[PDB]
Amino acid sequence: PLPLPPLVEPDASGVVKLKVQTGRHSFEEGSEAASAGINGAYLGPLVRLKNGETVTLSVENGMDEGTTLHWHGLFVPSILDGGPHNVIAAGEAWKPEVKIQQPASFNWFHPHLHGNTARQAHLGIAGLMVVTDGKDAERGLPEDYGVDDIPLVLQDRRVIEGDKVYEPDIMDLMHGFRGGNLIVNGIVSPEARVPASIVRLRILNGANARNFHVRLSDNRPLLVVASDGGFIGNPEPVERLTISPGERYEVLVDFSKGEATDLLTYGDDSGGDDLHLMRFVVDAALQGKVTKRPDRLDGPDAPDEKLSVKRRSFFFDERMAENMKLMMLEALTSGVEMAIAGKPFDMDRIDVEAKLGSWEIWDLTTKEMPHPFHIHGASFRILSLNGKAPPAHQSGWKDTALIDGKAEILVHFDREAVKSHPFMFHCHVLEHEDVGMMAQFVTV
Ligand SMILES: [Cu+2]
């Protein structure tokens with residue numbers, strides 16, 4: 001059966017308790033591997049927060065090494081977010097108090113470290129974070145958690161038995177770490193039971209590097225209603241949906257005809273054979289609440305490029321000629337280096353000074369492979385992908401986007417970053433970030 005992240009809401013004191021810890025986890029019957037998680041040995045809860053409330057996010061580090069949590073998609077000033085400038089020491093706690101005021105959205109959280117992100121993420125440390133405004137019923141959206149509103153965290157694994165679970169070699173550092181065992185919510189090939197009705201799937205790619213390109217085995221449409229930053233005004237059906245690390249999409253799927261169906265992904269970025277992710281089976285005993293599809297939601301209007309006060313450009317520089325020379329591991333000591341802002345990430349260097357509340361257009365370019373861009377502490381609208389306006393499903397507010405050739409994005413710097421606590425932007429292939437494909441900004 002598909003495991004469900006436990007639902008956690010603020011307690012009588014306004015607190016959500018999150019304890020990062022090591023353990024062991026079974027991905028498949030009969031085996032177990034070393035792991036780490038939040039409030040358990042792998043993955044974490046789904047924390048549901050109401051727009052307008054104040055919550056204490058009480059994080060305890062129950063490990064023997066430092067960790068952090070980045071509130072990936074949450075709107076906070078940088079002093080309330082986690083990263084390499086404010087590591088939680090082994091055995092210690094961090095209890096930021098957040099006042100939520102942002103669009104309803106499906107967000108998440110996970111470590112964000114200097115040189116160590118890939119390992120801690122792959123071990124399994126992550127959780128989910130929904131911001132709700134209580135209006136989903138009025139939108140016509142399924143909202144019964146675990147029944148017709150189901151989170152799917154897509155990942156991959158090289159190792160499902162044993163203690164040596166994340167052992168990247170030089171090719172993994174250069175190209176990203178991938179494995180052949182696909183998992184959903186921590187299990188190989190789970191099965192979900194669903195009502196014969198419209199079901200909402202809240203899909204996160206939580207892998208180190210792998211891109212998923214998902215369809216159902218009978219090609220039924222995936223009605224995309226939201227991405228990272230919330231709803232789109234004109235939901236779009238797609239037959240196959242690309243999701244890169246760090247991206248989220250909420251989709252509606254109609255199970256009303258009662259037929260079982262498999263979720264599949266292309267096995268690579270070149271249309272390779274589909275691989276099985278999971279199965280959906282319809283349970284006739286359930287009466288599903290939502291039978292009609294929504295056509296219109298409360299999303300943003302078209303982006304306005306005239307708002308931009310500066311144009312920037314960044315190139316995802318894999319430094320292949322220099323790194324292949326090295327080839328002919330631990331990221332920090334490997335010798336491999338990459339860059340997003342000209343030179344590799346440097347903790348003491350500020351790459352960008354952005355005016356607070358301002359808009360900028362950023363040109364993003366790749367060469368050898370695609371890269372998922374993520375910015376902390378800001379939001380963006382995709383203006384173009386390879387010269388073309390984005391499809392509707394990719395047109396709303398986003399914080400993470402797969403760049404493949406050229407993109408142009410419209411960034412809004414709406415949250416404050418002080419010099420002691422810069423925000424960051426980076427590739428979300430965790431190996432690339434760990435070898436330097438990361439940069440830092442402050443607001444001015
Ligand atoms: Cu990358």
# chains A, B, ... in the order shown; residues from 1 in each chain; ligands from 1
$ residues_near_ligand --ligand "ligand 1" --cutoff "9 Å" --atoms "only C-alpha atoms and all ligand atoms" --output "number ranges by chain"
A: 174-176, 209, 316-318, 338, 340, 366, 369-373, 426-433, 437
$ select_by_dssp --residues "segment 302-397 of chain A" --states "strand (DSSP E)" --output "MDAnalysis selection string"
chainID A and resid 311:315 352:354 359:365 371:375 379:385
$ write_last_selection --atoms "C-alpha atoms" --output "tab-separated table (two decimals), in the first residue's frame"
chain	number	residue	atom	x	y	z
A	311	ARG	CA	18.38	42.23	-16.68
A	312	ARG	CA	20.75	39.53	-15.49
A	313	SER	CA	22.19	36.40	-17.02
A	314	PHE	CA	23.40	33.13	-15.56
A	315	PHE	CA	25.04	30.12	-17.19
A	352	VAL	CA	23.74	39.61	-6.40
A	353	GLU	CA	22.39	42.72	-4.76
A	354	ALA	CA	18.65	42.99	-5.61
A	359	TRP	CA	11.43	42.93	-10.45
A	360	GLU	CA	14.27	41.65	-12.67
A	361	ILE	CA	14.49	39.51	-15.83
A	362	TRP	CA	17.02	36.72	-15.68
A	363	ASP	CA	18.39	34.92	-18.78
A	364	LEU	CA	19.30	31.31	-17.89
A	365	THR	CA	21.38	29.08	-20.17
A	371	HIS	CA	19.45	21.94	-14.96
A	372	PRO	CA	16.65	22.70	-12.45
A	373	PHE	CA	16.98	26.30	-11.27
A	374	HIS	CA	15.79	27.14	-7.74
A	375	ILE	CA	15.77	30.53	-6.04
A	379	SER	CA	9.28	33.93	-6.84
A	380	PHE	CA	9.23	34.05	-10.62
A	381	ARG	CA	7.15	33.81	-13.76
A	382	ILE	CA	8.58	31.94	-16.75
A	383	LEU	CA	8.54	34.32	-19.77
A	384	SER	CA	10.02	32.03	-22.39
A	385	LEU	CA	11.56	28.59	-22.86
$ select_by_dssp --residues "segment 200-369 of chain A" --states "helix (DSSP H, G or I)" --output "MDAnalysis selection string"
chainID A and resid 305:307 320:327 331:334
$ write_last_selection --atoms "C-alpha atoms" --output "PDB file, in the first residue's frame"
ATOM      1  CA  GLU A 305       8.013  42.363 -18.443  1.00  0.00           C
ATOM      2  CA  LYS A 306       7.770  46.145 -18.320  1.00  0.00           C
ATOM      3  CA  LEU A 307       8.072  45.935 -14.537  1.00  0.00           C
ATOM      4  CA  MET A 320      33.449  19.858 -18.136  1.00  0.00           C
ATOM      5  CA  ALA A 321      36.856  20.348 -19.713  1.00  0.00           C
ATOM      6  CA  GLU A 322      38.414  20.990 -16.301  1.00  0.00           C
ATOM      7  CA  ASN A 323      36.480  18.226 -14.473  1.00  0.00           C
ATOM      8  CA  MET A 324      37.111  15.558 -17.246  1.00  0.00           C
ATOM      9  CA  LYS A 325      40.781  16.327 -16.942  1.00  0.00           C
ATOM     10  CA  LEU A 326      40.460  15.491 -13.247  1.00  0.00           C
ATOM     11  CA  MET A 327      38.683  12.223 -14.000  1.00  0.00           C
ATOM     12  CA  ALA A 331      31.960  16.721  -3.155  1.00  0.00           C
ATOM     13  CA  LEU A 332      34.085  19.145  -1.098  1.00  0.00           C
ATOM     14  CA  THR A 333      37.291  17.116  -1.372  1.00  0.00           C
ATOM     15  CA  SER A 334      36.775  15.690  -4.893  1.00  0.00           C
TER      16      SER A 334
END
$ closest_residue --among "A:397, A:71, A:106, A:425" --to "residue 151 of chain A" --atoms "only C-alpha atoms"
A:106
$ closest_residue --among "A:377, A:402, A:41, A:281" --to "residue 78 of chain A" --atoms "only C-alpha atoms"
A:377
$ residues_around --residues "segment 249-255 of chain A" --least-positions-apart "3" --cutoff "8 Å" --atoms "only C-alpha atoms" --output "PDB file with N, CA, C and O atoms, in the first residue's frame"
ATOM      1  N   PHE A 106       1.449  24.096  -2.431  1.00  0.00           N
ATOM      2  CA  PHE A 106       2.071  22.831  -2.006  1.00  0.00           C
ATOM      3  C   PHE A 106       3.582  23.011  -2.021  1.00  0.00           C
ATOM      4  O   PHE A 106       4.183  23.084  -3.083  1.00  0.00           O
ATOM      5  N   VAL A 194      -8.300   4.360  -4.754  1.00  0.00           N
ATOM      6  CA  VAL A 194      -8.904   5.679  -4.933  1.00  0.00           C
ATOM      7  C   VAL A 194     -10.395   5.523  -5.186  1.00  0.00           C
ATOM      8  O   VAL A 194     -10.846   4.473  -5.704  1.00  0.00           O
ATOM      9  N   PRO A 195     -11.198   6.539  -4.854  1.00  0.00           N
ATOM     10  CA  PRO A 195     -12.607   6.540  -5.250  1.00  0.00           C
ATOM     11  C   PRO A 195     -12.767   6.683  -6.760  1.00  0.00           C
ATOM     12  O   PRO A 195     -11.874   7.192  -7.443  1.00  0.00           O
ATOM     13  N   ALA A 196     -13.946   6.279  -7.252  1.00  0.00           N
ATOM     14  CA  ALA A 196     -14.309   6.473  -8.642  1.00  0.00           C
ATOM     15  C   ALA A 196     -14.821   7.893  -8.826  1.00  0.00           C
ATOM     16  O   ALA A 196     -15.997   8.137  -9.070  1.00  0.00           O
ATOM     17  N   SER A 197     -13.892   8.849  -8.763  1.00  0.00           N
ATOM     18  CA  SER A 197     -14.200  10.253  -8.791  1.00  0.00           C
ATOM     19  C   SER A 197     -12.929  11.018  -9.215  1.00  0.00           C
ATOM     20  O   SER A 197     -11.917  10.418  -9.555  1.00  0.00           O
ATOM     21  N   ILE A 198     -13.011  12.324  -9.099  1.00  0.00           N
ATOM     22  CA  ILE A 198     -11.827  13.187  -9.380  1.00  0.00           C
ATOM     23  C   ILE A 198     -10.928  13.194  -8.146  1.00  0.00           C
ATOM     24  O   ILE A 198     -11.363  13.474  -7.013  1.00  0.00           O
ATOM     25  N   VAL A 199      -9.646  12.884  -8.379  1.00  0.00           N
ATOM     26  CA  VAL A 199      -8.646  12.792  -7.334  1.00  0.00           C
ATOM     27  C   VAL A 199      -7.553  13.801  -7.609  1.00  0.00           C
ATOM     28  O   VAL A 199      -7.071  13.937  -8.718  1.00  0.00           O
ATOM     29  N   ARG A 200      -7.125  14.483  -6.538  1.00  0.00           N
ATOM     30  CA  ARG A 200      -6.009  15.434  -6.572  1.00  0.00           C
ATOM     31  C   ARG A 200      -4.736  14.732  -6.139  1.00  0.00           C
ATOM     32  O   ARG A 200      -4.701  14.150  -5.040  1.00  0.00           O
ATOM     33  N   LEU A 201      -3.714  14.804  -6.990  1.00  0.00           N
ATOM     34  CA  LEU A 201      -2.385  14.259  -6.672  1.00  0.00           C
ATOM     35  C   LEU A 201      -1.458  15.450  -6.573  1.00  0.00           C
ATOM     36  O   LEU A 201      -1.323  16.256  -7.492  1.00  0.00           O
ATOM     37  N   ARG A 202      -0.783  15.562  -5.412  1.00  0.00           N
ATOM     38  CA  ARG A 202       0.154  16.646  -5.148  1.00  0.00           C
ATOM     39  C   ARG A 202       1.539  16.031  -5.319  1.00  0.00           C
ATOM     40  O   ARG A 202       2.007  15.265  -4.468  1.00  0.00           O
ATOM     41  N   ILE A 203       2.188  16.310  -6.472  1.00  0.00           N
ATOM     42  CA  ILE A 203       3.378  15.587  -6.904  1.00  0.00           C
ATOM     43  C   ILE A 203       4.619  16.478  -6.668  1.00  0.00           C
ATOM     44  O   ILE A 203       4.677  17.601  -7.117  1.00  0.00           O
ATOM     45  N   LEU A 204       5.577  15.892  -5.949  1.00  0.00           N
ATOM     46  CA  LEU A 204       6.892  16.507  -5.705  1.00  0.00           C
ATOM     47  C   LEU A 204       7.969  15.562  -6.289  1.00  0.00           C
ATOM     48  O   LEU A 204       7.944  14.354  -6.038  1.00  0.00           O
ATOM     49  N   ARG A 220      -4.766   8.802 -19.788  1.00  0.00           N
ATOM     50  CA  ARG A 220      -5.803   9.744 -19.364  1.00  0.00           C
ATOM     51  C   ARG A 220      -5.177  11.050 -18.943  1.00  0.00           C
ATOM     52  O   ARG A 220      -4.048  11.119 -18.450  1.00  0.00           O
ATOM     53  N   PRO A 221      -5.907  12.146 -19.120  1.00  0.00           N
ATOM     54  CA  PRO A 221      -5.307  13.458 -18.875  1.00  0.00           C
ATOM     55  C   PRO A 221      -5.009  13.700 -17.396  1.00  0.00           C
ATOM     56  O   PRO A 221      -5.758  13.265 -16.503  1.00  0.00           O
ATOM     57  N   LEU A 222      -3.933  14.421 -17.185  1.00  0.00           N
ATOM     58  CA  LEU A 222      -3.550  14.994 -15.904  1.00  0.00           C
ATOM     59  C   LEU A 222      -3.928  16.462 -15.961  1.00  0.00           C
ATOM     60  O   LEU A 222      -3.281  17.221 -16.720  1.00  0.00           O
ATOM     61  N   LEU A 223      -4.952  16.884 -15.229  1.00  0.00           N
ATOM     62  CA  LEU A 223      -5.374  18.268 -15.281  1.00  0.00           C
ATOM     63  C   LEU A 223      -4.516  19.077 -14.281  1.00  0.00           C
ATOM     64  O   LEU A 223      -4.699  18.952 -13.075  1.00  0.00           O
ATOM     65  N   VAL A 224      -3.576  19.861 -14.805  1.00  0.00           N
ATOM     66  CA  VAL A 224      -2.670  20.586 -13.901  1.00  0.00           C
ATOM     67  C   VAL A 224      -3.370  21.828 -13.390  1.00  0.00           C
ATOM     68  O   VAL A 224      -3.778  22.695 -14.185  1.00  0.00           O
ATOM     69  N   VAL A 225      -3.532  21.917 -12.067  1.00  0.00           N
ATOM     70  CA  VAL A 225      -4.188  23.038 -11.449  1.00  0.00           C
ATOM     71  C   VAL A 225      -3.222  23.970 -10.694  1.00  0.00           C
ATOM     72  O   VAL A 225      -3.646  25.099 -10.389  1.00  0.00           O
ATOM     73  N   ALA A 226      -2.014  23.535 -10.416  1.00  0.00           N
ATOM     74  CA  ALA A 226      -1.074  24.378  -9.645  1.00  0.00           C
ATOM     75  C   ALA A 226       0.316  23.864  -9.869  1.00  0.00           C
ATOM     76  O   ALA A 226       0.563  22.701 -10.136  1.00  0.00           O
ATOM     77  N   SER A 227       1.274  24.809  -9.683  1.00  0.00           N
ATOM     78  CA  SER A 227       2.690  24.435  -9.511  1.00  0.00           C
ATOM     79  C   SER A 227       3.208  25.062  -8.202  1.00  0.00           C
ATOM     80  O   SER A 227       2.398  25.325  -7.301  1.00  0.00           O
ATOM     81  N   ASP A 228       4.509  25.268  -8.117  1.00  0.00           N
ATOM     82  CA  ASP A 228       5.193  25.572  -6.833  1.00  0.00           C
ATOM     83  C   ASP A 228       4.491  26.671  -6.059  1.00  0.00           C
ATOM     84  O   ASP A 228       4.373  26.603  -4.824  1.00  0.00           O
ATOM     85  N   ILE A 243       8.600  16.769 -14.326  1.00  0.00           N
ATOM     86  CA  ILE A 243       8.838  17.324 -13.001  1.00  0.00           C
ATOM     87  C   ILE A 243      10.293  17.118 -12.676  1.00  0.00           C
ATOM     88  O   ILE A 243      10.778  15.987 -12.595  1.00  0.00           O
ATOM     89  N   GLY A 258     -13.629   3.766 -13.194  1.00  0.00           N
ATOM     90  CA  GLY A 258     -13.340   2.566 -12.435  1.00  0.00           C
ATOM     91  C   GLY A 258     -12.187   1.653 -12.860  1.00  0.00           C
ATOM     92  O   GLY A 258     -11.918   0.660 -12.189  1.00  0.00           O
ATOM     93  N   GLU A 259     -11.482   1.971 -13.934  1.00  0.00           N
ATOM     94  CA  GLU A 259     -10.376   1.125 -14.410  1.00  0.00           C
ATOM     95  C   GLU A 259      -9.033   1.408 -13.681  1.00  0.00           C
ATOM     96  O   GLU A 259      -8.673   2.642 -13.523  1.00  0.00           O
ATOM     97  N   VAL A 282      -9.255   1.378  -8.305  1.00  0.00           N
ATOM     98  CA  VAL A 282     -10.480   2.016  -7.852  1.00  0.00           C
ATOM     99  C   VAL A 282     -11.213   1.152  -6.860  1.00  0.00           C
ATOM    100  O   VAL A 282     -11.389  -0.007  -7.128  1.00  0.00           O
ATOM    101  N   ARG A 293     -14.855  18.573 -13.225  1.00  0.00           N
ATOM    102  CA  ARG A 293     -13.538  19.240 -13.295  1.00  0.00           C
ATOM    103  C   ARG A 293     -13.738  20.702 -13.220  1.00  0.00           C
ATOM    104  O   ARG A 293     -14.613  21.249 -13.923  1.00  0.00           O
TER     105      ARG A 293
END
$ residues_around --residues "residue 75 of chain A" --least-positions-apart "4" --cutoff "12 Å" --atoms "only C-alpha atoms" --output "number ranges by chain"
A: 51-52, 70-71, 79-81, 98-105, 107-108, 129, 131, 228-229, 376-379, 399, 413-417
$ write_last_selection --atoms "N, CA and C atoms" --output "compact mmCIF listing (two decimals), in the first residue's frame"
# COMPACT_ATOMS: atom_id res chain seq x y z
N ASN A 51 -3.25 30.13 5.90
CA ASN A 51 -2.86 31.47 5.62
C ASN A 51 -3.36 32.35 6.76
N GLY A 52 -2.50 33.29 7.16
CA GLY A 52 -2.82 34.17 8.23
C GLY A 52 -2.44 33.68 9.65
N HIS A 70 15.43 24.09 4.89
CA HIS A 70 14.98 25.18 4.03
C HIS A 70 13.48 25.00 3.76
N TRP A 71 12.73 26.07 4.01
CA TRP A 71 11.28 26.09 3.84
C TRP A 71 11.03 26.45 2.36
N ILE A 79 16.00 35.46 7.75
CA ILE A 79 16.34 35.12 9.14
C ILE A 79 15.49 33.99 9.69
N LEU A 80 14.38 33.60 9.02
CA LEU A 80 13.53 32.49 9.46
C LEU A 80 13.75 31.22 8.64
N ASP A 81 14.72 31.24 7.72
CA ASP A 81 14.97 30.09 6.85
C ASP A 81 16.30 29.46 7.16
N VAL A 98 6.94 31.84 12.46
CA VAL A 98 6.52 32.33 11.12
C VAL A 98 5.09 32.76 11.13
N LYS A 99 4.83 33.89 10.49
CA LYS A 99 3.49 34.39 10.27
C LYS A 99 3.19 34.21 8.80
N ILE A 100 2.29 33.30 8.48
CA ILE A 100 2.02 32.90 7.08
C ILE A 100 1.16 33.93 6.37
N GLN A 101 1.64 34.39 5.20
CA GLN A 101 0.80 35.26 4.35
C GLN A 101 1.31 35.08 2.93
N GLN A 102 0.65 34.17 2.18
CA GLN A 102 1.09 33.83 0.84
C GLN A 102 -0.03 33.08 0.12
N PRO A 103 0.06 32.91 -1.21
CA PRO A 103 -0.93 32.11 -1.91
C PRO A 103 -0.93 30.67 -1.49
N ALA A 104 -2.13 30.09 -1.47
CA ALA A 104 -2.30 28.67 -1.20
C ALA A 104 -1.43 27.85 -2.15
N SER A 105 -0.72 26.87 -1.60
CA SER A 105 0.34 26.19 -2.35
C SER A 105 0.81 24.96 -1.65
N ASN A 107 4.13 23.10 -0.82
CA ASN A 107 5.55 23.40 -0.56
C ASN A 107 6.20 22.23 0.12
N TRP A 108 7.48 22.35 0.47
CA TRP A 108 8.19 21.24 1.11
C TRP A 108 9.38 21.78 1.88
N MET A 129 4.70 20.65 3.06
CA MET A 129 4.10 21.80 3.74
C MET A 129 3.07 22.47 2.89
N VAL A 131 0.17 25.25 2.43
CA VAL A 131 -0.50 26.46 2.89
C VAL A 131 -1.89 26.45 2.28
N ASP A 228 4.51 25.27 -8.12
CA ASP A 228 5.19 25.57 -6.83
C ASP A 228 4.49 26.67 -6.06
N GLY A 229 4.14 27.77 -6.75
CA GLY A 229 3.62 28.95 -6.15
C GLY A 229 2.12 29.08 -6.15
N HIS A 376 15.80 30.74 -3.63
CA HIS A 376 15.26 30.92 -2.29
C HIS A 376 14.81 32.37 -2.09
N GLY A 377 13.69 32.56 -1.41
CA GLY A 377 13.35 33.92 -1.01
C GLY A 377 12.81 34.85 -2.06
N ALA A 378 12.44 34.30 -3.22
CA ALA A 378 11.88 35.05 -4.31
C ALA A 378 10.98 34.10 -5.12
N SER A 379 10.18 34.68 -5.98
CA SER A 379 9.28 33.93 -6.84
C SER A 379 9.45 34.42 -8.26
N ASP A 399 9.01 28.62 -8.16
CA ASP A 399 10.29 28.82 -7.51
C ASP A 399 11.36 27.87 -8.01
N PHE A 413 11.51 40.07 -6.04
CA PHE A 413 12.33 39.95 -4.82
C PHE A 413 11.56 40.45 -3.63
N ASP A 414 10.52 39.71 -3.23
CA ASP A 414 9.58 40.22 -2.24
C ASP A 414 9.94 39.96 -0.79
N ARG A 415 11.00 39.21 -0.52
CA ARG A 415 11.40 38.89 0.85
C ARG A 415 12.82 39.41 1.16
N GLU A 416 13.00 39.84 2.40
CA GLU A 416 14.27 40.46 2.80
C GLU A 416 15.33 39.45 3.14
N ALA A 417 16.54 39.70 2.59
CA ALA A 417 17.72 38.92 2.91
C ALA A 417 18.74 39.90 3.44
$ residues_around --residues "residue 210 of chain A" --least-positions-apart "3" --cutoff "8 Å" --atoms "only C-alpha atoms" --output "PyMOL selection string"
chain A and resi 155-156+176-178+207+244-245+268
$ closest_residue --among "A:168, A:27, A:248, A:302" --to "residue 183 of chain A" --atoms "only C-alpha atoms"
A:27
$ atom_distance --atom1 "atom CA of residue 137 of chain A" --atom2 "atom CA of residue 237 of chain A"
20.4 Å
$ residues_around --residues "residue 294 of chain A" --least-positions-apart "2" --cutoff "9 Å" --atoms "only C-alpha atoms" --output "short mmCIF file (atom, residue, chain, number, x, y, z; two decimals) with N, CA and C atoms, in the first residue's frame"
data_model
loop_
_atom_site.label_atom_id
_atom_site.label_comp_id
_atom_site.auth_asym_id
_atom_site.auth_seq_id
_atom_site.Cartn_x
_atom_site.Cartn_y
_atom_site.Cartn_z
N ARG A 139 -13.38 26.27 -4.88
CA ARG A 139 -12.67 26.08 -6.14
C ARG A 139 -13.12 24.82 -6.89
N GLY A 140 -13.82 23.93 -6.21
CA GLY A 140 -14.15 22.66 -6.81
C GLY A 140 -13.07 21.62 -6.76
N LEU A 141 -12.18 21.70 -5.78
CA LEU A 141 -11.03 20.81 -5.72
C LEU A 141 -11.26 19.73 -4.68
N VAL A 225 -3.53 21.92 -12.07
CA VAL A 225 -4.19 23.04 -11.45
C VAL A 225 -3.22 23.97 -10.69
N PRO A 235 -6.56 25.94 -15.68
CA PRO A 235 -5.99 24.58 -15.58
C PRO A 235 -5.86 23.94 -16.97
N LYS A 292 -17.02 16.69 -11.06
CA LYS A 292 -16.83 17.59 -12.16
C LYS A 292 -15.44 18.22 -12.08
N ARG A 296 -11.76 26.97 -14.24
CA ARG A 296 -11.14 28.24 -13.92
C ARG A 296 -10.83 28.31 -12.41
N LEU A 297 -9.65 28.83 -12.08
CA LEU A 297 -9.23 29.04 -10.71
C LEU A 297 -8.74 30.47 -10.55
#
$ residues_around --residues "residue 35 of chain A" --least-positions-apart "2" --cutoff "8 Å" --atoms "only C-alpha atoms" --output "number ranges by chain"
A: 22-25, 33, 37, 41-42, 123-124
$ write_last_selection --atoms "N, CA, C and O atoms" --output "mmCIF file, in the first residue's frame"
data_model
loop_
_atom_site.group_PDB
_atom_site.id
_atom_site.type_symbol
_atom_site.label_atom_id
_atom_site.label_comp_id
_atom_site.auth_asym_id
_atom_site.auth_seq_id
_atom_site.Cartn_x
_atom_site.Cartn_y
_atom_site.Cartn_z
ATOM 1 N N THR A 22 18.408 9.899 12.329
ATOM 2 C CA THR A 22 18.803 8.734 11.536
ATOM 3 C C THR A 22 17.963 7.528 11.899
ATOM 4 O O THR A 22 17.348 7.465 12.969
ATOM 5 N N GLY A 23 17.988 6.529 11.020
ATOM 6 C CA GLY A 23 17.307 5.274 11.330
ATOM 7 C C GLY A 23 17.603 4.263 10.216
ATOM 8 O O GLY A 23 18.621 4.369 9.535
ATOM 9 N N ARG A 24 16.643 3.345 10.030
ATOM 10 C CA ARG A 24 16.686 2.395 8.932
ATOM 11 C C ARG A 24 15.304 2.342 8.345
ATOM 12 O O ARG A 24 14.308 2.504 9.058
ATOM 13 N N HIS A 25 15.257 2.062 7.034
ATOM 14 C CA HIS A 25 13.977 2.109 6.300
ATOM 15 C C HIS A 25 13.900 0.975 5.291
ATOM 16 O O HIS A 25 14.869 0.724 4.572
ATOM 17 N N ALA A 33 17.576 -0.378 4.653
ATOM 18 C CA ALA A 33 18.815 0.360 4.420
ATOM 19 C C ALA A 33 18.939 1.487 5.437
ATOM 20 O O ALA A 33 17.949 1.994 5.977
ATOM 21 N N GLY A 37 15.299 10.764 8.472
ATOM 22 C CA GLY A 37 14.031 11.382 8.205
ATOM 23 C C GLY A 37 13.645 12.373 9.247
ATOM 24 O O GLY A 37 14.450 12.762 10.095
ATOM 25 N N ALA A 41 12.172 7.557 10.268
ATOM 26 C CA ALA A 41 13.432 7.181 9.663
ATOM 27 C C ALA A 41 13.612 7.557 8.216
ATOM 28 O O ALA A 41 14.705 7.434 7.659
ATOM 29 N N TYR A 42 12.530 8.046 7.563
ATOM 30 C CA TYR A 42 12.595 8.382 6.136
ATOM 31 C C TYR A 42 11.435 9.330 5.802
ATOM 32 O O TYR A 42 10.325 9.126 6.315
ATOM 33 N N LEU A 123 19.627 10.389 2.066
ATOM 34 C CA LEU A 123 19.306 9.555 3.213
ATOM 35 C C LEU A 123 17.831 9.508 3.476
ATOM 36 O O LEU A 123 17.337 8.489 3.975
ATOM 37 N N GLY A 124 17.159 10.647 3.245
ATOM 38 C CA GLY A 124 15.705 10.678 3.295
ATOM 39 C C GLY A 124 15.097 11.872 4.000
ATOM 40 O O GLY A 124 13.872 11.898 4.185
#
$ closest_residue --among "A:390, A:342, A:142, A:303" --to "residue 291 of chain A" --atoms "only C-alpha atoms"
A:142
$ closest_residue --among "A:193, A:122, A:349, A:215" --to "residue 146 of chain A" --atoms "only C-alpha atoms"
A:193
$ closest_residue --among "A:44, A:276, A:97, A:84" --to "residue 14 of chain A" --atoms "only C-alpha atoms"
A:97
$ atom_distance --atom1 "atom CA of residue 345 of chain A" --atom2 "atom CA of residue 83 of chain A"
13.6 Å
